[PDB]
Every structure is written in structure tokens, then in C-alpha cells.
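With PDB, C-alpha atoms and all ligand atoms inside, this is model13.pdb:
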ATOM      1  CA  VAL A   1     -55.362  -6.687 -77.287
ATOM      2  CA  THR A   2     -52.158  -5.236 -78.761
ATOM      3  CA  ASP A   3     -50.056  -6.896 -76.057
ATOM      4  CA  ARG A   4     -51.195 -10.351 -77.165
ATOM      5  CA  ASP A   5     -49.865  -9.616 -80.653
ATOM      6  CA  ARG A   6     -46.353 -10.025 -79.236
ATOM      7  CA  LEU A   7     -47.417 -13.487 -78.083
ATOM      8  CA  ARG A   8     -48.410 -14.421 -81.632
ATOM      9  CA  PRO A   9     -45.379 -15.326 -83.775
ATOM     10  CA  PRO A  10     -46.101 -16.841 -87.213
ATOM     11  CA  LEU A  11     -46.200 -20.595 -87.805
ATOM     12  CA  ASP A  12     -43.158 -22.336 -89.275
ATOM     13  CA  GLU A  13     -44.364 -24.198 -92.371
ATOM     14  CA  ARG A  14     -40.996 -25.769 -93.213
ATOM     15  CA  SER A  15     -40.565 -27.145 -89.689
ATOM     16  CA  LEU A  16     -44.093 -28.575 -89.497
ATOM     17  CA  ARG A  17     -43.495 -30.311 -92.828
ATOM     18  CA  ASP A  18     -40.234 -31.816 -91.571
ATOM     19  CA  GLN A  19     -41.961 -33.160 -88.459
ATOM     20  CA  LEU A  20     -45.219 -34.357 -89.990
ATOM     21  CA  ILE A  21     -44.452 -35.455 -93.559
ATOM     22  CA  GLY A  22     -42.349 -38.539 -94.262
ATOM     23  CA  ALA A  23     -41.866 -42.114 -93.077
ATOM     24  CA  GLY A  24     -44.138 -43.276 -90.266
ATOM     25  CA  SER A  25     -46.629 -40.481 -90.913
ATOM     26  CA  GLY A  26     -49.860 -40.638 -92.903
ATOM     27  CA  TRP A  27     -49.964 -36.925 -93.721
ATOM     28  CA  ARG A  28     -49.043 -36.438 -97.382
ATOM     29  CA  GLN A  29     -49.304 -32.668 -97.750
ATOM     30  CA  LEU A  30     -49.195 -29.644 -95.453
ATOM     31  CA  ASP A  31     -49.581 -25.964 -96.303
ATOM     32  CA  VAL A  32     -49.713 -22.810 -94.209
ATOM     33  CA  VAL A  33     -51.562 -19.942 -95.870
ATOM     34  CA  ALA A  34     -51.539 -16.384 -94.535
ATOM     35  CA  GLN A  35     -55.298 -15.968 -94.944
ATOM     36  CA  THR A  36     -58.427 -17.581 -96.390
ATOM     37  CA  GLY A  37     -62.212 -17.460 -96.124
ATOM     38  CA  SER A  38     -62.609 -20.940 -94.659
ATOM     39  CA  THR A  39     -60.056 -23.768 -94.602
ATOM     40  CA  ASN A  40     -62.944 -26.230 -94.717
ATOM     41  CA  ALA A  41     -64.377 -24.565 -97.819
ATOM     42  CA  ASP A  42     -60.961 -24.685 -99.494
ATOM     43  CA  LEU A  43     -60.439 -28.427 -99.008
ATOM     44  CA  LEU A  44     -64.030 -29.022-100.100
ATOM     45  CA  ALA A  45     -63.343 -27.031-103.270
ATOM     46  CA  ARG A  46     -60.181 -29.045-103.946
ATOM     47  CA  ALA A  47     -62.058 -32.326-103.578
ATOM     48  CA  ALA A  48     -64.886 -31.091-105.799
ATOM     49  CA  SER A  49     -62.299 -30.477-108.519
ATOM     50  CA  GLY A  50     -60.932 -34.018-108.395
ATOM     51  CA  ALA A  51     -58.018 -33.674-105.976
ATOM     52  CA  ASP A  52     -57.204 -36.500-103.565
ATOM     53  CA  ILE A  53     -57.337 -34.711-100.211
ATOM     54  CA  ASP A  54     -56.741 -37.798 -98.064
ATOM     55  CA  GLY A  55     -53.943 -37.011 -95.617
ATOM     56  CA  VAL A  56     -53.838 -33.383 -96.752
ATOM     57  CA  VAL A  57     -53.471 -30.604 -94.169
ATOM     58  CA  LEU A  58     -54.368 -26.942 -94.663
ATOM     59  CA  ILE A  59     -53.523 -24.394 -91.964
ATOM     60  CA  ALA A  60     -54.478 -20.707 -91.990
ATOM     61  CA  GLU A  61     -52.947 -17.960 -89.864
ATOM     62  CA  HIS A  62     -56.188 -16.037 -90.296
ATOM     63  CA  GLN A  63     -59.749 -16.959 -91.271
ATOM     64  CA  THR A  64     -62.169 -14.232 -92.368
ATOM     65  CA  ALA A  65     -65.336 -16.227 -93.086
ATOM     66  CA  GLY A  66     -65.077 -19.178 -90.706
ATOM     67  CA  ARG A  67     -67.922 -21.672 -90.510
ATOM     68  CA  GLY A  68     -69.629 -23.320 -87.553
ATOM     69  CA  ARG A  69     -72.234 -26.077 -87.372
ATOM     70  CA  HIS A  70     -75.598 -25.676 -89.158
ATOM     71  CA  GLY A  71     -75.123 -22.250 -90.727
ATOM     72  CA  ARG A  72     -73.262 -20.546 -87.887
ATOM     73  CA  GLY A  73     -69.998 -18.634 -88.116
ATOM     74  CA  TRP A  74     -66.563 -18.928 -86.541
ATOM     75  CA  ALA A  75     -64.675 -15.790 -85.535
ATOM     76  CA  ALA A  76     -60.903 -15.359 -85.503
ATOM     77  CA  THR A  77     -58.070 -12.844 -85.623
ATOM     78  CA  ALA A  78     -54.594 -13.309 -87.101
ATOM     79  CA  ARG A  79     -52.290 -15.832 -85.404
ATOM     80  CA  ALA A  80     -54.532 -16.135 -82.330
ATOM     81  CA  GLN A  81     -55.684 -19.667 -83.128
ATOM     82  CA  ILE A  82     -54.634 -22.898 -84.723
ATOM     83  CA  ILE A  83     -56.935 -22.966 -87.739
ATOM     84  CA  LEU A  84     -56.710 -26.125 -89.820
ATOM     85  CA  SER A  85     -58.648 -28.522 -92.021
ATOM     86  CA  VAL A  86     -57.857 -32.159 -92.790
ATOM     87  CA  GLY A  87     -59.022 -34.504 -95.546
ATOM     88  CA  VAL A  88     -60.070 -38.054 -94.670
ATOM     89  CA  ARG A  89     -61.158 -40.794 -97.085
ATOM     90  CA  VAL A  90     -64.253 -42.395 -95.560
ATOM     91  CA  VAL A  91     -65.993 -44.316 -98.368
ATOM     92  CA  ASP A  92     -64.424 -47.599 -97.201
ATOM     93  CA  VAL A  93     -66.128 -47.177 -93.817
ATOM     94  CA  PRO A  94     -69.855 -47.854 -93.208
ATOM     95  CA  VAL A  95     -71.867 -44.619 -93.245
ATOM     96  CA  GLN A  96     -73.275 -45.413 -89.790
ATOM     97  CA  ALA A  97     -69.827 -44.878 -88.261
ATOM     98  CA  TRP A  98     -69.091 -41.489 -89.850
ATOM     99  CA  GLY A  99     -70.461 -39.652 -86.820
ATOM    100  CA  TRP A 100     -67.612 -40.978 -84.692
ATOM    101  CA  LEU A 101     -65.031 -39.255 -86.893
ATOM    102  CA  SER A 102     -66.003 -35.871 -85.443
ATOM    103  CA  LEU A 103     -65.932 -37.200 -81.877
ATOM    104  CA  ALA A 104     -62.455 -38.598 -82.519
ATOM    105  CA  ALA A 105     -61.214 -35.186 -83.643
ATOM    106  CA  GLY A 106     -62.319 -33.441 -80.447
ATOM    107  CA  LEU A 107     -60.600 -36.174 -78.470
ATOM    108  CA  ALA A 108     -57.398 -35.481 -80.403
ATOM    109  CA  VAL A 109     -57.606 -31.724 -79.811
ATOM    110  CA  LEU A 110     -58.204 -32.192 -76.083
ATOM    111  CA  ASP A 111     -55.270 -34.577 -75.615
ATOM    112  CA  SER A 112     -52.984 -32.213 -77.535
ATOM    113  CA  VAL A 113     -53.419 -29.326 -75.083
ATOM    114  CA  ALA A 114     -54.548 -31.035 -71.860
ATOM    115  CA  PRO A 115     -51.106 -31.242 -70.217
ATOM    116  CA  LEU A 116     -50.391 -27.560 -70.962
ATOM    117  CA  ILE A 117     -52.921 -26.599 -68.293
ATOM    118  CA  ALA A 118     -51.288 -26.142 -64.869
ATOM    119  CA  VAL A 119     -53.993 -27.909 -62.880
ATOM    120  CA  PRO A 120     -57.259 -29.445 -64.216
ATOM    121  CA  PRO A 121     -59.953 -26.842 -63.481
ATOM    122  CA  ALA A 122     -63.629 -27.773 -63.246
ATOM    123  CA  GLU A 123     -65.162 -28.582 -66.646
ATOM    124  CA  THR A 124     -62.128 -29.685 -68.667
ATOM    125  CA  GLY A 125     -63.164 -32.205 -71.300
ATOM    126  CA  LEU A 126     -65.457 -32.853 -74.244
ATOM    127  CA  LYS A 127     -69.004 -31.586 -74.648
ATOM    128  CA  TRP A 128     -71.076 -33.535 -77.168
ATOM    129  CA  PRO A 129     -70.661 -33.382 -80.021
ATOM    130  CA  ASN A 130     -67.891 -31.048 -81.222
ATOM    131  CA  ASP A 131     -66.812 -29.011 -78.193
ATOM    132  CA  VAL A 132     -63.596 -28.902 -76.186
ATOM    133  CA  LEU A 133     -64.368 -27.146 -72.906
ATOM    134  CA  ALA A 134     -62.055 -25.777 -70.247
ATOM    135  CA  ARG A 135     -63.406 -24.010 -67.155
ATOM    136  CA  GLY A 136     -66.753 -23.953 -68.938
ATOM    137  CA  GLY A 137     -65.378 -21.824 -71.762
ATOM    138  CA  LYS A 138     -65.228 -23.114 -75.326
ATOM    139  CA  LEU A 139     -61.562 -23.808 -76.042
ATOM    140  CA  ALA A 140     -62.075 -25.342 -79.492
ATOM    141  CA  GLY A 141     -64.759 -26.197 -82.047
ATOM    142  CA  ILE A 142     -64.841 -29.034 -84.583
ATOM    143  CA  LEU A 143     -66.663 -29.082 -87.938
ATOM    144  CA  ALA A 144     -66.991 -32.158 -90.157
ATOM    145  CA  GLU A 145     -68.294 -31.698 -93.703
ATOM    146  CA  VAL A 146     -68.948 -34.283 -96.414
ATOM    147  CA  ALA A 147     -67.470 -34.366 -99.920
ATOM    148  CA  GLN A 148     -67.442 -37.958-101.187
ATOM    149  CA  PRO A 149     -65.384 -39.957-100.955
ATOM    150  CA  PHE A 150     -63.942 -37.635 -98.289
ATOM    151  CA  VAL A 151     -64.861 -35.955 -95.038
ATOM    152  CA  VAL A 152     -63.199 -32.618 -94.299
ATOM    153  CA  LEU A 153     -62.377 -32.244 -90.604
ATOM    154  CA  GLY A 154     -62.018 -28.665 -89.403
ATOM    155  CA  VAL A 155     -60.502 -27.530 -86.114
ATOM    156  CA  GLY A 156     -60.526 -24.069 -84.557
ATOM    157  CA  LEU A 157     -58.414 -23.981 -81.398
ATOM    158  CA  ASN A 158     -58.177 -20.781 -79.345
ATOM    159  CA  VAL A 159     -54.520 -20.373 -78.390
ATOM    160  CA  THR A 160     -54.127 -16.704 -77.443
ATOM    161  CA  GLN A 161     -57.535 -15.642 -78.745
ATOM    162  CA  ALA A 162     -59.225 -13.232 -76.336
ATOM    163  CA  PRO A 163     -62.930 -13.956 -75.670
ATOM    164  CA  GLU A 164     -63.670 -10.269 -76.292
ATOM    165  CA  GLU A 165     -62.331 -10.753 -79.824
ATOM    166  CA  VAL A 166     -64.614 -13.636 -80.789
ATOM    167  CA  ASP A 167     -67.265 -14.755 -78.260
ATOM    168  CA  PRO A 168     -68.234 -14.205 -74.583
ATOM    169  CA  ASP A 169     -68.382 -17.938 -73.774
ATOM    170  CA  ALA A 170     -64.983 -18.557 -75.352
ATOM    171  CA  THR A 171     -61.672 -19.286 -73.660
ATOM    172  CA  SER A 172     -58.076 -19.831 -74.764
ATOM    173  CA  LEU A 173     -54.887 -21.501 -73.557
ATOM    174  CA  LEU A 174     -53.579 -18.062 -72.601
ATOM    175  CA  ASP A 175     -56.728 -17.242 -70.623
ATOM    176  CA  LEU A 176     -56.317 -20.613 -68.904
ATOM    177  CA  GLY A 177     -52.862 -19.720 -67.612
ATOM    178  CA  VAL A 178     -50.539 -20.923 -70.370
ATOM    179  CA  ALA A 179     -48.074 -18.025 -70.508
ATOM    180  CA  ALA A 180     -46.373 -18.486 -73.882
ATOM    181  CA  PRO A 181     -48.181 -21.122 -75.975
ATOM    182  CA  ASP A 182     -46.103 -22.285 -78.940
ATOM    183  CA  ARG A 183     -48.467 -22.956 -81.843
ATOM    184  CA  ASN A 184     -45.793 -24.918 -83.712
ATOM    185  CA  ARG A 185     -45.474 -27.476 -80.910
ATOM    186  CA  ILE A 186     -49.229 -27.611 -80.312
ATOM    187  CA  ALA A 187     -50.093 -28.019 -84.002
ATOM    188  CA  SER A 188     -47.510 -30.801 -84.222
ATOM    189  CA  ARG A 189     -48.984 -32.615 -81.214
ATOM    190  CA  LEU A 190     -52.490 -32.036 -82.565
ATOM    191  CA  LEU A 191     -51.916 -33.532 -86.017
ATOM    192  CA  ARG A 192     -50.050 -36.495 -84.511
ATOM    193  CA  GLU A 193     -52.937 -37.186 -82.121
ATOM    194  CA  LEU A 194     -55.435 -36.652 -84.935
ATOM    195  CA  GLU A 195     -53.632 -39.197 -87.120
ATOM    196  CA  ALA A 196     -53.847 -41.834 -84.384
ATOM    197  CA  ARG A 197     -57.558 -41.259 -83.741
ATOM    198  CA  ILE A 198     -58.434 -41.394 -87.452
ATOM    199  CA  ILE A 199     -56.685 -44.754 -87.792
ATOM    200  CA  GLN A 200     -58.530 -45.948 -84.679
ATOM    201  CA  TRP A 201     -61.836 -44.759 -86.135
ATOM    202  CA  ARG A 202     -61.125 -46.384 -89.499
ATOM    203  CA  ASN A 203     -60.485 -49.739 -87.811
ATOM    204  CA  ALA A 204     -63.398 -49.464 -85.352
ATOM    205  CA  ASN A 205     -61.062 -49.603 -82.351
ATOM    206  CA  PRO A 206     -63.003 -49.965 -79.054
ATOM    207  CA  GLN A 207     -60.446 -47.702 -77.364
ATOM    208  CA  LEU A 208     -61.787 -44.691 -79.274
ATOM    209  CA  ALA A 209     -65.211 -44.902 -77.623
ATOM    210  CA  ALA A 210     -63.677 -45.728 -74.243
ATOM    211  CA  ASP A 211     -61.310 -42.751 -74.374
ATOM    212  CA  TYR A 212     -64.157 -40.425 -75.367
ATOM    213  CA  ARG A 213     -66.341 -41.454 -72.430
ATOM    214  CA  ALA A 214     -63.413 -40.878 -70.071
ATOM    215  CA  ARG A 215     -63.175 -37.239 -71.175
ATOM    216  CA  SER A 216     -66.895 -36.561 -71.623
ATOM    217  CA  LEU A 217     -68.294 -33.610 -69.678
ATOM    218  CA  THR A 218     -71.777 -34.331 -71.018
ATOM    219  CA  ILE A 219     -72.322 -37.951 -69.958
ATOM    220  CA  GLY A 220     -73.940 -37.994 -66.519
ATOM    221  CA  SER A 221     -75.027 -34.352 -66.577
ATOM    222  CA  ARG A 222     -78.454 -32.744 -66.645
ATOM    223  CA  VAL A 223     -78.687 -31.173 -70.093
ATOM    224  CA  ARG A 224     -80.920 -29.073 -72.298
ATOM    225  CA  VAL A 225     -80.466 -30.147 -75.908
ATOM    226  CA  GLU A 226     -81.491 -27.673 -78.596
ATOM    227  CA  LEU A 227     -82.573 -29.810 -81.546
ATOM    228  CA  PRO A 228     -82.458 -28.702 -85.189
ATOM    229  CA  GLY A 229     -85.712 -26.839 -85.798
ATOM    230  CA  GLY A 230     -85.658 -24.996 -82.484
ATOM    231  CA  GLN A 231     -87.108 -27.580 -80.095
ATOM    232  CA  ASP A 232     -85.580 -28.050 -76.639
ATOM    233  CA  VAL A 233     -85.321 -31.367 -74.801
ATOM    234  CA  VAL A 234     -84.357 -31.611 -71.139
ATOM    235  CA  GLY A 235     -83.020 -34.825 -69.637
ATOM    236  CA  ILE A 236     -79.891 -36.577 -68.421
ATOM    237  CA  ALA A 237     -77.168 -37.624 -70.860
ATOM    238  CA  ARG A 238     -76.322 -41.288 -70.293
ATOM    239  CA  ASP A 239     -74.125 -42.603 -73.099
ATOM    240  CA  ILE A 240     -72.893 -42.445 -76.686
ATOM    241  CA  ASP A 241     -74.117 -45.150 -79.070
ATOM    242  CA  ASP A 242     -72.257 -46.865 -81.921
ATOM    243  CA  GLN A 243     -73.192 -44.047 -84.314
ATOM    244  CA  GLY A 244     -71.842 -41.287 -82.082
ATOM    245  CA  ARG A 245     -75.342 -40.178 -81.121
ATOM    246  CA  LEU A 246     -76.228 -38.831 -77.676
ATOM    247  CA  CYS A 247     -78.441 -41.056 -75.519
ATOM    248  CA  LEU A 248     -80.826 -39.076 -73.312
ATOM    249  CA  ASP A 249     -82.809 -40.160 -70.274
ATOM    250  CA  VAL A 250     -86.061 -38.202 -70.206
ATOM    251  CA  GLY A 251     -88.012 -39.311 -67.142
ATOM    252  CA  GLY A 252     -87.356 -42.970 -67.886
ATOM    253  CA  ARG A 253     -87.704 -42.683 -71.657
ATOM    254  CA  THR A 254     -84.703 -43.001 -73.965
ATOM    255  CA  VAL A 255     -84.201 -40.239 -76.527
ATOM    256  CA  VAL A 256     -81.350 -40.677 -79.005
ATOM    257  CA  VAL A 257     -80.126 -37.448 -80.601
ATOM    258  CA  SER A 258     -78.016 -37.365 -83.768
ATOM    259  CA  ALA A 259     -77.448 -33.604 -83.836
ATOM    260  CA  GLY A 260     -78.037 -30.580 -81.628
ATOM    261  CA  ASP A 261     -76.583 -28.089 -79.171
ATOM    262  CA  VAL A 262     -75.962 -29.128 -75.577
ATOM    263  CA  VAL A 263     -76.174 -26.956 -72.472
ATOM    264  CA  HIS A 264     -74.998 -28.414 -69.165
ATOM    265  CA  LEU A 265     -77.472 -27.608 -66.394
ATOM    266  CA  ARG A 266     -76.729 -26.753 -62.740
TER
HETATM  267  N1  LIG A 301     -72.426 -19.467 -79.477
HETATM  268  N2  LIG A 301     -71.920 -18.755 -80.239
HETATM  269  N3  LIG A 301     -71.305 -17.911 -81.136
HETATM  270  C1  LIG A 301     -70.285 -18.425 -82.034
HETATM  271  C2  LIG A 301     -70.886 -19.387 -83.037
HETATM  272  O1  LIG A 301     -72.284 -19.130 -83.201
HETATM  273  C3  LIG A 301     -70.661 -20.749 -82.404
HETATM  274  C4  LIG A 301     -70.499 -21.887 -83.406
HETATM  275  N4  LIG A 301     -70.120 -23.094 -82.653
HETATM  276  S1  LIG A 301     -70.596 -24.439 -83.401
HETATM  277  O2  LIG A 301     -71.870 -24.227 -84.025
HETATM  278  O3  LIG A 301     -70.723 -25.482 -82.422
HETATM  279  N5  LIG A 301     -69.587 -24.857 -84.462
HETATM  280  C5  LIG A 301     -68.319 -25.096 -84.137
HETATM  281  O4  LIG A 301     -67.898 -24.986 -82.996
HETATM  282  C6  LIG A 301     -67.400 -25.524 -85.262
HETATM  283  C7  LIG A 301     -66.449 -24.413 -85.692
HETATM  284  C8  LIG A 301     -65.380 -24.982 -86.620
HETATM  285  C9  LIG A 301     -64.361 -23.933 -87.048
HETATM  286  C10 LIG A 301     -63.197 -24.592 -87.782
HETATM  287  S2  LIG A 301     -61.851 -23.482 -87.973
HETATM  288  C11 LIG A 301     -61.147 -24.165 -89.427
HETATM  289  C12 LIG A 301     -62.311 -24.847 -90.140
HETATM  290  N6  LIG A 301     -62.780 -23.853 -91.094
HETATM  291  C13 LIG A 301     -63.991 -23.410 -90.807
HETATM  292  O5  LIG A 301     -64.591 -22.559 -91.445
HETATM  293  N7  LIG A 301     -64.454 -24.023 -89.729
HETATM  294  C14 LIG A 301     -63.529 -25.022 -89.210
HETATM  295  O6  LIG A 301     -69.490 -20.614 -81.594
HETATM  296  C15 LIG A 301     -69.269 -19.242 -81.253
HETATM  297  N8  LIG A 301     -67.890 -18.866 -81.652
HETATM  298  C16 LIG A 301     -67.536 -18.196 -82.759
HETATM  299  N9  LIG A 301     -66.190 -18.056 -82.775
HETATM  300  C17 LIG A 301     -65.705 -18.653 -81.667
HETATM  301  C18 LIG A 301     -64.428 -18.830 -81.153
HETATM  302  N10 LIG A 301     -63.345 -18.347 -81.809
HETATM  303  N11 LIG A 301     -64.274 -19.492 -79.988
HETATM  304  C19 LIG A 301     -65.336 -19.978 -79.330
HETATM  305  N12 LIG A 301     -66.578 -19.821 -79.802
HETATM  306  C20 LIG A 301     -66.784 -19.163 -80.967
END
Output the file's structure as C-alpha cells, nothing else.
Amino acid sequence: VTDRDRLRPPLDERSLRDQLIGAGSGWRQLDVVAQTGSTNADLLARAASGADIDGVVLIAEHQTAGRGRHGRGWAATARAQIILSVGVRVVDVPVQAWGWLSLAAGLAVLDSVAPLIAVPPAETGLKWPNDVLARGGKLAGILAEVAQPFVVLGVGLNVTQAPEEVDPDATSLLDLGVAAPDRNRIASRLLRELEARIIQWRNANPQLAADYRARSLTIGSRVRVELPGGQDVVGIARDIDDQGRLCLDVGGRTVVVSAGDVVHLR
């Protein structure tokens, strides 16, 4: 709505750089662009042209051709979200562990906005694999894409984004009760949390898996998992394995899923 536009001041690039670039911080480069097609596509293009995108941060005020998992889109309007992509060098890490990098990102996003909520409503946590939920609504979506030797981590976090603007099952910090969300503070918290989780992932820290399970909305729930190819599997989510894959209990049989869409059942 037009009223929410007043609640959407521009990001401060200079200030974010002062806070996030320098001693004690792994981020080497940060840019805020007014608009782009897809921040993920941009960092992928940079890498494909020889640039070292490790520790590089790209933030867009607006994204006109956003991308979701397996061919889907991501909708946004100007200054209503935190829209960023991050480059991570991964070649030094075994390929089996790359799946955990995306789980780590969602954990970082959740922890960056969790205390801003007045009281924990039902369904505030992480849905496997790339979903930050709050009150059942999708608060943020994570997209990891490969460009050797890097992985580009993308985050779309609904700050003041109205569900009617993007998606019916969406929610935002504003629609959760946060009156005047400051994207500068939130982005700063987010990238600081993200830095910690990436280091943890890179060093195979046990705390990463433990912290994920503690915030998982999926583990322990009856779920319908829509597999790639259109097949549905119904069971009970039990655990995450060492590759970040979802372990399903289907009537006593174990089904391990590497990718798919999860729906929490009654
Ligand atoms: N159901 N469905 N429909 C929409 C779409 O089909 C679906 C896609 N979700 S998804 O397949 O699990 N993928 C994701 O959640 C990952 C999205 C990553 C976006 C980030 S933003 C910066 C970076 N650059 C990119 O191009 N992508 C990444 O989410 C719905 N959707 C679109 N915009 C949304 C909304 N702003 N908030 C919540 N949900 C919404």
C-alpha cells in the first residue's frame, strides 16, 4: 500500500560498509544497487568472468526478475525487503557438505530477526530446506546456486512487504507486529550472523547442526514432501543427516530426501 512506502526509507550503503568491512570482518566488498534483475544472477555473472566473489556482498533495493528454487520466481517491490546475495568459496570443503551451507543461511536469517517479534507466535522457525516461517507465513526464502569454486547464497527477507504484493502465503516483519523495522540494523545483524554460520559450516562445527534442529519446524511434524518430478511423499520428518538431507519416516521405512517442497500437515 501507499502508506507502507513511508515505512520504507532507502538503505545506507556508506554506513553498512563502515560496520561490515574492516578488521574482524570477513566481508571484503559491499554494494547497494537501486535495482537489478537478480542479485544471484549478478554475482554468478561476476564469478563466470573471473572475479573473486568470496566475501562479496550485493544488496538490491528492488529486484525485478527474482529467482526461486527449481525454476520458480521471487516477487518484490522497492525497499520492501532485504534483497542480497553473498559469495562463498566452497572448493576447499567436501562436496557432500555443501547442502548444509543453505541450511546455515536460513539459521542466520532467523536469528537476525527473531528478537524483533514481540512474542513467539506458533510456527516461528525453519522449514526444510530454505524457509524461514513465522505464524505459518513465509518470512524469507534462501537460494544457493553453484559457480565453482563459489556458491552464491541469496536471501529474500520480507521486511514491510505486504503479502498482497507478492504471495498469499507470505508474511513480513511489519505484518508480524514490528512497527518500524530498520533495514539498516537488520541487514547488519543478518550479515554478521551469516558470517559466523559460514565459518561454522566451513569448519564442520557440530553447533551448526544442533542450532538448526533447535529451530526446525519440520522435524517431528507430519509432512507431505513434493519431490522433483511431481511425486508426493507423506510421512513424518525425523532428522537432518550429515549432508543436510531430510530424513523421513514412512510407516517404518526411512526415506532420505535431498530436495523438495515441504508442507506441514495438521
Ligand atoms: N509458493 N509460491 N509462490 C512464490 C514462489 O513460487 C515461491 C518460491 N519459493 S522457493 O521455491 O522455495 N524459493 C525460495 O524461497 C528462494 C527465493 C530466493 C530469493 C533471493 S532474493 C535475492 C536472491 N536473488 C534471487 O533472484 N533470489 C535470491 O515462493 C513464493 N514467493 C514469491 N515471492 C515471495 C515473497 N516475496 N515472499 C514469500 N513468498 C514468495
May I have the residues within 7 Å of ligand LIG 301 (chain A), computed using all atoms listed in the file, as a PyMOL selection string?
-> chain A and resi 38-41+65-70+72-76+83-85+130-131+138-143+154-156+158+166-167+169-171
For residue 128 of chain A, list every protein, DNA or RNA residue within 12 Å, evaluated using all atoms listed in the file, and leave out those in the same chain fewer than 6 positions away; present the list as a VMD selection string.
-> chain A and resid 99 to 100 102 to 107 141 to 142 212 to 213 215 to 221 223 to 225 237 to 240 244 to 248 257 to 264
Go through the shown structure with the PyMOL selection byres (((chain A and resi 117-121) around 8) and not hetatm) and write out the matching residues as number ranges by chain.
-> A: 113-116, 122-124, 134-135, 173, 176-178
Could you make a table, as JSON lines, of the residues of segment 24-69 of chain A that have an atom within 9 Å of an atom of segment 194-197 of chain A, each with its nearest atom pair and distance in Å to one decimal, counting only C-alpha atoms, in chain and number order?
{"residue": "A:25", "atom": "CA", "partner": "A:195", "partner_atom": "CA", "distance": 8.1}
{"residue": "A:26", "atom": "CA", "partner": "A:195", "partner_atom": "CA", "distance": 7.1}
{"residue": "A:27", "atom": "CA", "partner": "A:195", "partner_atom": "CA", "distance": 7.9}
{"residue": "A:55", "atom": "CA", "partner": "A:195", "partner_atom": "CA", "distance": 8.8}
Spatial neighbours of residue 202 of chain A, 9 Å, all atoms listed in the file, chain gap at least 2 places, as a PyMOL selection string = chain A and resi 90+92-93+97+101+197-200+204-205
From A:57, A:251, A:51, A:46, residue lying nearest residue 33 of chain A [all atoms listed in the file] |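 The answer is A:57, which sits nearest to residue 33 of chain A.
Applied to the shown file, the PyMOL selection byres (((chain A and resi 32) around 6) and not hetatm) selects the residues residues 13, 31, 33, 59 and 60 of chain A.
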Write the residues of the preceding selection, restricted to C-alpha atoms, as a compact mmCIF listing (two decimals), keeping the file's coordinate frame.
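As a result, selection-v1.txt now contains:
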# COMPACT_ATOMS: atom_id res chain seq x y z
CA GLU A 13 -44.36 -24.20 -92.37
CA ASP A 31 -49.58 -25.96 -96.30
CA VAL A 33 -51.56 -19.94 -95.87
CA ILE A 59 -53.52 -24.39 -91.96
CA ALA A 60 -54.48 -20.71 -91.99
Counting only C-alpha atoms, what is within 7 Å of residue 250 of chain A, bar same-chain residues fewer than 5 positions away, as a VMD selection string?
-> chain A and resid 234 to 236 255
Quote the spacing between atom CA of residue 50 of chain A and atom CA of residue 14 of chain A in Å to one decimal place.
->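 Distance reported for this atom pair: 26.4 Å.
In terms of minimum interatomic distance to residue 109 of chain A, A:193 ranks closest within A:232, A:241, A:193, A:226, counting all atoms listed in the file.
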Tell me which protein, DNA and RNA residues are within 9 Å of residue 174 of chain A, counting all atoms listed in the file, leaving out same-chain ones fewer than 5 positions away, and put them as a list in words.
->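 Selected residues are residues 158, 159, 160, 161, 162, 179, 180 and 181 of chain A.
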Quick one: of A:2, A:242, A:185, A:254, who's nearest to residue 210 of chain A, counting all atoms listed in the file?
-> A:242
